[PDB]
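Below is one structure, written out as structure tokens, with a few remarks after it.
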Amino acid sequence: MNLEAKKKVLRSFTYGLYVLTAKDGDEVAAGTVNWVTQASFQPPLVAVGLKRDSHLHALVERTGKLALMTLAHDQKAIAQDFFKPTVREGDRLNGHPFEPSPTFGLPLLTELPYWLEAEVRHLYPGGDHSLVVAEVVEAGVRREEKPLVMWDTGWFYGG
């Protein structure tokens with residue numbers, strides 16, 4: 001097939017930027033992700049593509065719990081910090097304050113506008129990633145605002 005065309009077409013996909021978190025005891029993990037989409041209205045399902053060989057994939061697969069926060073249009077700088085390994089210091093992750101989520105107590109970045117807690121229902125491995133399908137069990141809105149669209153950041157993950 002035309003691999004160059006394939007890369008371009010896949011790179012033409014539009015994505016939002018989110019931060020997914022997970023934890024097991026004192027071990028916590030957070031990372032910026034873009035392969036995300038709702039997958040059902042009833043029940044409320046979301047699908048997140050996580051790299052099989054990654055810290056967050058290991059925690060999410062093993063504990064079956066996760067939290068996801070939507071980054072605001074002006075939070076590129078924050079999204080930037082969660083590309084690196086997660087370093088927890090006090091009630092902060094990579095320099096950003098967080099609070100325990102209301103349901104399972106997963107790390108919640110208090111600066112981000114929207115957040116949700118979800119339980120893993122199915123984890124579908126496929127190639128180098130796995131499609132985690134989880135059911136939203138709680139959600140919260142600190143404030144309303146336009147989300148961060150990946151294209152505007154200049155970054156990308158696809159192709």
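Ordering of the structure tokens sets the chain letters (A, B, ...); residue numbers start at 1 within each chain; ligands are numbered from 1 in the order shown.
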Write out as a PDB file with N, CA and C atoms, in the first residue's frame the residues lying within 10 Å of residue 63 of chain A, counting only C-alpha atoms and excluding same-chain residues fewer than 5 positions away.
ATOM      1  N   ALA A  22      -3.903   6.489  37.003  1.00  0.00           N
ATOM      2  CA  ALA A  22      -4.216   5.182  37.565  1.00  0.00           C
ATOM      3  C   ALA A  22      -3.333   5.014  38.786  1.00  0.00           C
ATOM      4  N   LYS A  23      -3.670   4.065  39.648  1.00  0.00           N
ATOM      5  CA  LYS A  23      -2.861   3.849  40.832  1.00  0.00           C
ATOM      6  C   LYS A  23      -3.099   2.494  41.474  1.00  0.00           C
ATOM      7  N   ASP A  24      -2.103   2.062  42.234  1.00  0.00           N
ATOM      8  CA  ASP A  24      -2.125   0.784  42.931  1.00  0.00           C
ATOM      9  C   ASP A  24      -1.321   1.055  44.198  1.00  0.00           C
ATOM     10  N   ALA A  58      -0.025  -0.913  32.305  1.00  0.00           N
ATOM     11  CA  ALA A  58       0.135  -1.951  33.321  1.00  0.00           C
ATOM     12  C   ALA A  58      -0.815  -1.731  34.503  1.00  0.00           C
ATOM     13  N   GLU A 119     -14.509   2.426  35.249  1.00  0.00           N
ATOM     14  CA  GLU A 119     -14.122   1.058  35.560  1.00  0.00           C
ATOM     15  C   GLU A 119     -13.913   0.315  34.251  1.00  0.00           C
ATOM     16  N   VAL A 120     -12.799  -0.397  34.154  1.00  0.00           N
ATOM     17  CA  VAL A 120     -12.504  -1.171  32.962  1.00  0.00           C
ATOM     18  C   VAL A 120     -13.536  -2.291  32.772  1.00  0.00           C
TER      19      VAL A 120
END
What are the DSSP strand (DSSP E) residues of segment 5-75 of chain A, as a ChimeraX atom specification? /A:18-24,27-33,36-40,45-51,65-70
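Selecting helix (DSSP H, G or I) from the backbone DSSP output for segment 1-86 of chain A yields residues 3, 4, 5, 6, 7, 8, 9, 10, 11, 55, 56, 57, 58, 59, 60, 61, 62, 63, 76, 77, 78, 79, 80 and 81 of chain A.
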One residue among A:110, A:136, A:159, A:151 is nearest to residue 41 of chain A when using only C-alpha atoms, and that residue is A:136
What's around segment 75-79 of chain A at 8 Å? Count only C-alpha atoms, leave out sequence neighbours fewer than 6 positions away in its own chain, and write the answer as a compact mmCIF listing (two decimals) with N, CA, C and O atoms, in the first residue's frame.
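Result file is out_28.txt:
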# COMPACT_ATOMS: atom_id res chain seq x y z
N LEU A 17 -6.70 16.47 23.86
CA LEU A 17 -5.58 16.08 24.70
C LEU A 17 -6.14 15.86 26.10
O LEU A 17 -6.89 16.70 26.61
N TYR A 18 -5.80 14.73 26.71
CA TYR A 18 -6.30 14.36 28.02
C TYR A 18 -5.19 13.82 28.89
O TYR A 18 -4.12 13.46 28.40
N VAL A 19 -5.45 13.75 30.18
CA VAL A 19 -4.48 13.18 31.10
C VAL A 19 -5.19 12.01 31.77
O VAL A 19 -6.25 12.18 32.36
N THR A 32 -0.29 11.99 29.33
CA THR A 32 -1.07 12.69 28.33
C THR A 32 -1.38 11.67 27.24
O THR A 32 -0.50 10.92 26.82
N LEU A 148 -8.73 21.46 24.81
CA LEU A 148 -7.48 21.59 24.07
C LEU A 148 -7.50 20.64 22.88
O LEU A 148 -7.63 19.43 23.05
N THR A 153 -1.74 22.54 19.32
CA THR A 153 -0.51 22.45 20.11
C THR A 153 0.70 22.26 19.21
O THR A 153 1.84 22.56 19.60
Who sits within 10 Å of residue 33 of chain A, only C-alpha atoms, same chain under 5 positions skipped, as a list in words: residues 15, 16, 17, 18, 19, 20, 48, 49, 50, 51, 68, 70, 79, 82, 83 and 157 of chain A
Using only C-alpha atoms for the distances, tell me which of A:96, A:73, A:6, A:88 is nearest to residue 145 of chain A. A:73
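Proximity to residue 66 of chain A at 6 Å, evaluated using only C-alpha atoms and with sequence-adjacent residues fewer than 2 positions away removed, yields residues 21, 22, 117 and 118 of chain A.
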Distance in Å - atom CA of residue 8 of chain A versus atom CA of residue 127 of chain A: 19.5 Å
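Across A:4, A:81, A:74, A:138, the tightest approach to residue 102 of chain A is made by A:138 when counting only C-alpha atoms.
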From the options A:25, A:113, A:154, A:97, which residue's atoms come nearest to residue 71 of chain A, counting only C-alpha atoms? A:113
Would you kindly return, as a PyMOL selection string, each protein, DNA or RNA residue with an atom no farther than 8 Å from any atom of residue 139 of chain A, considering only C-alpha atoms and excluding same-chain residues fewer than 4 positions away? chain A and resi 114-117
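The shortest atom-to-atom distance to residue 64 of chain A, with only C-alpha atoms taken into account, belongs to A:121 out of A:129, A:121, A:143, A:7.
Here the question is which of A:72, A:137, A:131, A:87 gets nearest to residue 35 of chain A using only C-alpha atoms, and that residue is A:131.
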Atom CA of residue 69 of chain A to atom CA of residue 111 of chain A, straight-line distance in Å: 9.6 Å
